[PDB]
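In: Sequence below, structure please.
(7 chains)
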Amino acid sequence: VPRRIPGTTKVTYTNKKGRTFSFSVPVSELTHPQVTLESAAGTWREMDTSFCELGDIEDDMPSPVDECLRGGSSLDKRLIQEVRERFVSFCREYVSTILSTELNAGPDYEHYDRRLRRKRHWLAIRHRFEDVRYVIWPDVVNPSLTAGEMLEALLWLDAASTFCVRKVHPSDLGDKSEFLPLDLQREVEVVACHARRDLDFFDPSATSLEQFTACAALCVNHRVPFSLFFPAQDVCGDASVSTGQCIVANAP
Amino acid sequence: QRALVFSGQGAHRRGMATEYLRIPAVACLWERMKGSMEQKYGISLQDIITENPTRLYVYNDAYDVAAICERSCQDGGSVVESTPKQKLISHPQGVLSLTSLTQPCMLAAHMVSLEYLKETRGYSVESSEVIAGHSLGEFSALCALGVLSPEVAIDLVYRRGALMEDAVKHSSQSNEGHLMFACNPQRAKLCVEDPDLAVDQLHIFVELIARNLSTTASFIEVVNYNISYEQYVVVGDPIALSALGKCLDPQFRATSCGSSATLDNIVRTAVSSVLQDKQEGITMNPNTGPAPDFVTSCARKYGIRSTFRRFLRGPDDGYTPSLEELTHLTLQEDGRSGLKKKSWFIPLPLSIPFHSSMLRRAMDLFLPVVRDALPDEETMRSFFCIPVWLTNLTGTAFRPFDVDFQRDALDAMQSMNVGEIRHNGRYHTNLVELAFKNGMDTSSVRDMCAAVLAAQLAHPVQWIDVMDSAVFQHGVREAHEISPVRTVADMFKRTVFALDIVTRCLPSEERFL
Amino acid sequence: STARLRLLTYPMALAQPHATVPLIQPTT
Amino acid sequence: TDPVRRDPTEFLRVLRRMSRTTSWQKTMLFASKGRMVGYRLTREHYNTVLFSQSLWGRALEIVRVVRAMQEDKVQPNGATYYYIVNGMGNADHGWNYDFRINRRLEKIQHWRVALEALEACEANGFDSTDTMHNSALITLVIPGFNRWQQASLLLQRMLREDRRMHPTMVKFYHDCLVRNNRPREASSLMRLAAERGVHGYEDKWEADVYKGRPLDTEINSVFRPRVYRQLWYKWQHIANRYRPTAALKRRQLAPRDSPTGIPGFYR
Amino acid sequence: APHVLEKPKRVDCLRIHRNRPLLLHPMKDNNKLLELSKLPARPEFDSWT
Amino acid sequence: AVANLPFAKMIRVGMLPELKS
RNA sequence: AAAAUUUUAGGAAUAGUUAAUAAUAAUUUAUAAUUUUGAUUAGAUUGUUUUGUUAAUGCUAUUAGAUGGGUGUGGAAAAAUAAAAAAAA
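Out: Numbers count the residues shown, from 1 in each chain, chains lettered A, B, ... in the order given. Sure, structure below:
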């Protein structure tokens, strides 16, 4: 009545010279349903392999963002902060010749480090940005993320977008638009709103001056007015102001 | 305050005390022991220790009740002095593996190591507050305390080994029938949350196996309790020990059937599976070495190149075993047998039911020998007037006049083993109990000590209780031991009491102390 | 990865975990 | 294909022979192609493949075949877990010319795979030998990356389970501790090794200096599995088994203008 | 200081093709070959002590 | 002619797929 | 820093890789570089004044010594036992 493991057939063949060969072949195990052994610890448990990075291009590069955004509570402040810092580290570590033989596949197993690593990193960055931008930068309706860390994350994202891969191989299975720099107009607007919400955002210090220069560059590149980085009272009474005028007026 | 512990039976090796004979003090004692052995029975203890053959020649009619009755206590002998050795004792393994030979050799090793310590370090046994040992460790500890002279101790251990061999011979099943296995419920995962419940469940398992197989000649029972929750040594026939191994297997506990029901039907399904496998032809000794080295020089079928060269087994000489050698891990034709070591069911090289119901006749025959061997009551009372000696029975100090000690010893004597089953056919006597009552009548402590030194041949040794008594009430903080291989230090160190105890080996770790 | 793992793979009559011998059960 | 070679029992026997006497590439390619075209692969086939994969100590192939087993819905036994943990432990790693042998290990994260394999092997009801735990600890501590807290937890588990300690993992853990600047843990490991009696650390015993306070490219070495130089080991011991420090070389086992037998001496 | 021992001659010359004596130079300590050799061949079955 | 052994029939029925509607 | 001569009976792919740039780039730019005029791994052998044989374009030999770095001393690493080297009167 209890399940019995199938036996292995033992066959002894005597060679003409006299060399006996003994074989243990599971012919019965080759057929019939595979006997399932239920684990002692309740249900059968198996190891997952959704975190290992492999050379296959059919999937995305497994990053800690993937395991953080696997269905957790997105309203948790420390979880949001950890996701933001992991994304920042990913962008920081993120910041090629056409070979015929690799057209109908990916780069070979030996040349993974020299050709496919950057492509996988850029694809992972884009795919994680498309899911994280609305969490790191909440839409304009207290905040979960501070203006400084939001600015740092946006700067790293801009650096990744500017240093994205430019050469498009015929082996690139995705759309060619994914190899182009990102559009972060909404993110820059959100950062500007969060920076104007709190006062004393800009300081005459060297680090704050660098941050102001980075914000100006972001505004110029992403077509976002620089007036949104300052309170409207300083801009009230004027029909329209330009980014250059704002910089020359608020330069410390 | 430290403790002195002697080793168990298993830790016997070839060439144990050879390096310690350089000291003249050790050499004189060793020569005395050799001369006593030659005068009494004429066996070569030095030869046995130095090299371990597969067969030895001993004096004629040395193994008989006539000798055990004539010799008594330190016989003058000399009648059989140059008589030729016309009888032999053989063993498939080394001849040292025989109990009647390893016990005298191991006691001699203990004595020579003690003399070596006493000479090199000025070691003092009286420094240790409590001294204890295993079945033969107790005889060795008595000799160390000075109750028994070394020659009489050698004679007594030889006598008890011969009686154990006689009991095995009287048992209908051959030497291969008796098997000894240590069980680990903690690794076997029998409700790991409560180790005490795990131990109780293992006891229930062995009780149920014995009850279910009482209709046949098979029997299993526990022998010693070494670790509180990790080691419990049992003995029995292969037919029942395979069922015990099946029971102590999470894969069999779950995949075969149940995994949620009571444990009573586990014994029934295990014995049914064992009967099915023995009908299917599964070998009863699968754990008998992987394979020997294969070298051939026929060249008729192997070729000239392969001759006189060892056949490499695996691409890396078996550094990573293949599926054929991992039967214990993945259940295969030999792995599915119950008698397969799986890190909780550890076989032991000994194939004798040391402490079981089979040896009650051995205890009865052995009692008079100890009775005559024990020294004068004046010396015994000099030892016992107010290092205390710890007994295997009852796991407590040996107080001759303790009212609770008399009750505890009687309880131990009348207490059957956990796996022991008795019926009308089984042979048992009250001779040991009445001898202990005669001693309790306070006629002399000689009778009491001779009954307590003979009642542990069959009764199980409560080593866990021995350790608890040594540590808790006696306040022993350092528990070192004198052993050739240092196996009992592991038992001391593995148990958790939290209090801390440090274990050392006197011969091996003399440098540390 | 699932597409590559299932490439040129089809379910078998007996390879299913819930299969029984013989496959169709009425009612050397 | 003729029916004789189409018979899956011939497939199993030739796969087993290939695993016994070839490299990992042969077995992996043959098994993958057979699985692709007919040849229903069973647990025996998967274990035979994992045998060669563990023998050659490769992680990417092992995770690929584990994913394949998960797709094929085959319930594995303890041999698979033993093979995968041993392969993780035998994965190559070496700092040669300021250049690591394997750059893929950091991405693969073989330590987590080894830990989960050991946990699953323990949980499902299979025996746990000392080699699997030692291999897992080796995966945890190597010159590549620093993972000492989890290794310490595993060592505590081994201590309470009374499991044997291997000199290779002892040396790796000691090097990791001294590199992470934890002399207290290094001293504890040395005491444990000295008490046990490991061949490398039998004599090495030191006193406790932290008696009054409670608890709270770098390395240039190359490690490869045994199979890489098993032939060298075999011929060295066959030629000179009485002078182990002899440096077996050319012309000791083959005359001039003749092959030495072993292709790729000293890699 | 037991430095009285003479220089060892453990290296032994073996005759080769043109009778040129080949000398077996002992291996240097800074290599993994001796470390691998000192370990047991079969960890599962061979004693580790 | 090896292909006409009953072992070949067993291999065929093992290789037979499941046709689900 | 070069140039030329470069072995195997049954012969196919090789690779931290070519060029430009610079005291750049583990992440620049480019339609890159090696190879059937025999490459790359593997086997064999210490490379272009040495012999033997013969009348002779041939055939057949030759030696000892340069085997990675890692506080990098020194002019130069050749630096871990090995003389037919007189080395501050």
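
In: could you pull out the helices for the chain?
Out: You didn't say which chain, so I picked chain A. Remark: helices assigned in chain A by DSSP state H are A:27-30, A:64-68, A:77-94, A:117-136, A:147-162, A:185-197, A:206-222, A:232-235, A:243-250.

In: switch to chain F, that's the one I care about
Out: F:6-15.

In: quick revisit: list just the one of the helices of chain A that sits closest to RNA strand G.
Out: Closest of those to RNA strand G is helix A:117-136, at 4.3 Å (criterion: C-beta to the nearest atom of the strand). In this view, the C-beta of every residue, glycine as well, is placed from N, C-alpha and C.

In: Now tell me what touches stretch B:134-142 from outside.
Out: Counting by C-beta atoms under 8 Å, 6 or more residues apart in numbering or on different chains, stretch B:134-142 makes contact with B:4-9, B:103, B:106-107, B:110-111, B:131-133, B:148, B:153, B:156-157, B:224, B:354-355, B:389, B:391-392, B:453, B:456-457, B:461, B:463, B:488, all of which sit outside it.

In: related to what we said a few turns ago, so for residue D:183, which of the helices of chain A sits nearest?
Out: The closest of the helices of chain A to residue D:183 is helix A:77-94. By C-beta to C-beta, the value is 30.5 Å.

In: Dump the closest one to CSV, keeping only the CA atoms.
Out: What follows is helix A:77-94 as a C-alpha-only set of coordinates in CSV (Å, rounded to 0.1, in the frame of the first residue of the first chain):
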residue,chain,number,x,y,z
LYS,A,77,8.1,55.4,4.7
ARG,A,78,11.3,53.4,5.5
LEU,A,79,10.5,51.0,2.7
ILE,A,80,10.2,54.0,0.3
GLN,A,81,13.5,55.3,1.6
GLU,A,82,15.3,52.0,1.2
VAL,A,83,13.9,51.6,-2.4
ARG,A,84,15.2,55.1,-3.2
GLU,A,85,18.6,54.5,-1.8
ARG,A,86,18.9,51.2,-3.6
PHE,A,87,17.9,53.0,-6.9
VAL,A,88,20.5,55.6,-6.1
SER,A,89,23.2,53.0,-5.7
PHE,A,90,22.1,51.2,-8.8
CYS,A,91,22.3,54.5,-10.8
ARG,A,92,25.7,55.3,-9.3
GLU,A,93,27.2,51.9,-10.2
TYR,A,94,25.7,52.4,-13.7
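
In: Give the buried residues for stretch D:13-24.
Out: D:15-16, D:18-20, D:24 (16 or more other C-beta atoms under 10 Å in any protein chain shown).

In: re the thing from before, take the helices of chain A and write them to CSV, including mean neighbour count and distance to residue D:160.
Out: Putting these into CSV (neighbours: other C-beta atoms under 10 Å in any protein chain shown; distance: least, C-beta to C-beta, whole Å) gives the following:
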stretch, mean neighbour count, distance to residue D:160
helix A:27-30, 17, 38
helix A:64-68, 16, 30
helix A:77-94, 16, 33
helix A:117-136, 18, 41
helix A:147-162, 19, 43
helix A:185-197, 20, 52
helix A:206-222, 16, 51
helix A:232-235, 12, 66
helix A:243-250, 14, 65
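
In: and chain D, which of those helices is closest to it?
Out: helix A:27-30 (5.4 Å; C-beta to the nearest C-beta).

In: For chain F, tell me whether the closest one is touching it.
Out: Yes - under the criterion of C-beta under 8 Å from any C-beta of the partner chain, chain F is reached by helix A:27-30 at residue A:30.

In: how far is that helix from where the chain is centred?
Out: Relative to its chain's centre, helix A:27-30 lies at 46 Å (C-alpha atoms, centre = their mean, to the nearest Å).

In: just stretch B:189-205 next, same as before
Out: Per C-alpha atoms, centre = their mean, the displacement of stretch B:189-205 from the mean C-alpha position of its chain is 24 Å.

In: Can it be said to contact chain A?
Out: Yes - part of stretch B:189-205 sits near chain A under the criterion C-beta under 8 Å from any C-beta, namely residue B:189.

In: Looking only at that stretch, what residues are buried by neighbour count?
Out: The neighbour-count check on stretch B:189-205 (16+ other C-beta under 10 Å) flags B:189-190, B:198-199, B:201-202, B:205 as buried.

In: I'd like the C-alpha coordinates of that stretch written as CSV, please.
Out: As requested, the backbone C-alpha atoms of stretch B:189-205 are provided in CSV (Å, rounded to 0.1, in the frame of the first residue of the first chain):
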residue,chain,number,x,y,z
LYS,B,189,13.4,15.7,14.0
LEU,B,190,10.9,14.0,16.3
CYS,B,191,9.2,17.3,17.5
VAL,B,192,12.4,19.3,17.8
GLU,B,193,10.5,21.9,19.8
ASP,B,194,10.5,19.7,22.9
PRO,B,195,13.6,17.4,23.2
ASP,B,196,12.2,15.7,26.3
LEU,B,197,9.1,14.8,24.3
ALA,B,198,11.4,13.6,21.5
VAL,B,199,13.2,11.3,24.0
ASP,B,200,9.8,10.1,25.3
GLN,B,201,8.6,9.5,21.8
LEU,B,202,11.7,7.4,21.0
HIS,B,203,11.1,5.4,24.1
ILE,B,204,7.5,4.8,23.0
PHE,B,205,8.7,3.8,19.6
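
In: Nothing else from me, thank you.
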